[PDB]
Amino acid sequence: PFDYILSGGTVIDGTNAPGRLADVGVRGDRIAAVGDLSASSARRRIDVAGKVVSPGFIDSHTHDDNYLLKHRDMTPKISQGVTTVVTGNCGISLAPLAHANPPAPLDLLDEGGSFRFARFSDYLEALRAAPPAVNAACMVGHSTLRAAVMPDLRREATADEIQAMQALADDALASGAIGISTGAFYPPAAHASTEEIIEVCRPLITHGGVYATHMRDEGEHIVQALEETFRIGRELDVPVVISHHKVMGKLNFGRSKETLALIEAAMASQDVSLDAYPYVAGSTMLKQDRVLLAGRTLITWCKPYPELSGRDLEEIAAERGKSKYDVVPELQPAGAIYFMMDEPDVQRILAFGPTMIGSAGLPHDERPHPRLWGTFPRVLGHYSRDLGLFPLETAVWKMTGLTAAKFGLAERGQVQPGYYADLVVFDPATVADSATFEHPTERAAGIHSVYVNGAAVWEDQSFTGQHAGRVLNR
């Protein structure tokens, strides 16, 4: 007898196929059967008529490393239908590094002395001992490795440092990390050479992990950063994941046509994947960058002047008698939201076949970018249903089946008998992102319930208390 059967709904199984009327039976942490299950005994038959039952959403791009430990309910994600998170992106992982004041953007994961895990394995052990509501697929970050090894970061690593970083990278993979990420765009790794990155990431082929990257540049020199990424993939011979793809700055609007053709061509000869969030504004550390600071900029938090949270940077700069660019140093460390992308490029990137969905949410931010709470429903409702950017089954595939395949999360991402029961029940007609820039923490509409490994984690718009998540390995 099944524990429960979700009956009367439409299943969108994650294989990019139109939905079909069918029930879904669960037994323990597995999907037992799918189809007309009226003849199967079950302890509960949950009416989900009018709803869609799909695989739980896998957030391909998170910075939930620390949040998973500090807020095990993971409300920002489970209230959106997310059942699994990929952590340690853009070269930023919580472990391995014991440091009381890590260099930005590492501070985006910190709540005060959070960087206390000396070994990557200590971090994973802490997650297993006190599981979060979602599953976690963790990567180790190259910038974190740099901060842990190099006394001085504004230079290339020596052979000995490279040996030290590679050793850490290898232990992490050995412990269960699913890959290694980089973020040469940022200060901690701006002086890292392509060869340093390659040497440090060689353990990837031995352990079979992926190389994920916040490319060195995403504007004027994006072709060069793309070629560097492709080159790295060829030298390591592992799959590469291009993080939050975009063309930023007015001088680059419209160039998504050019970038997607380069990526498409590369996919024909080597293993390449990419993800993106559905918004025209980005968000990270406050940084002296001519392009990031060209348009509207909002402060998400600020250490020296906390009362600046939520304020427009132009106003702050003007009142301090400077350009946004010049006022940045005296406000650091801080976080910001940057409106530097164009809707047409974002739509093109999202619609591009292989693009997976990733939030890039920054959960510790005082006044966060709404992507943290609205990413997935925004794709399902606004883009798929309201704008018809793709049919619902394809939008679902982009956050379930596709993603599970690229990160190698076996037996998840599909509503198939024998697979784990990570599931979402949503209303296709009302599902929507409620979070806005003005109110970035509003709970999404149309998400009925969410199950992780067969246990309901979200019901009646509330965390159930089930710490059902598991640390996953690729």
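The first residue of the sequence shown is number 1, and the count goes up from there.
When the two stretches 254 to 262 and 148 to 156 are set side by side, the higher mean Cα temperature factor goes to 148 to 156. Averaged over CA atoms, B-factors in the entry run higher in 198 to 206 than in the other of 127 to 135 and 198 to 206. For the set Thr84, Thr403, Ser79, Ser114, the maximum C-alpha B-factor listed in the entry falls on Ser114.
Of the candidates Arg72, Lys398, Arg378, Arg119, the deposited coordinates give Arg119 the top C-alpha B factor. Among the modelled residues of the chain, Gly50 sits in the highest third by CA temperature factor in this PDB entry. When the modelled residues of the chain are ordered by C-alpha B-factor, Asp433 sits in the middle third.
Among all modelled residues in this chain, the alpha-carbon of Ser384 has a temperature factor (C-alpha) in the lowest third. Among all modelled residues in this chain, the alpha-carbon of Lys322 has a temperature factor (C-alpha) in the highest third. In the deposited entry, the Cα temperature factor of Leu472 sits in the top third of values across the chain's modelled residues.
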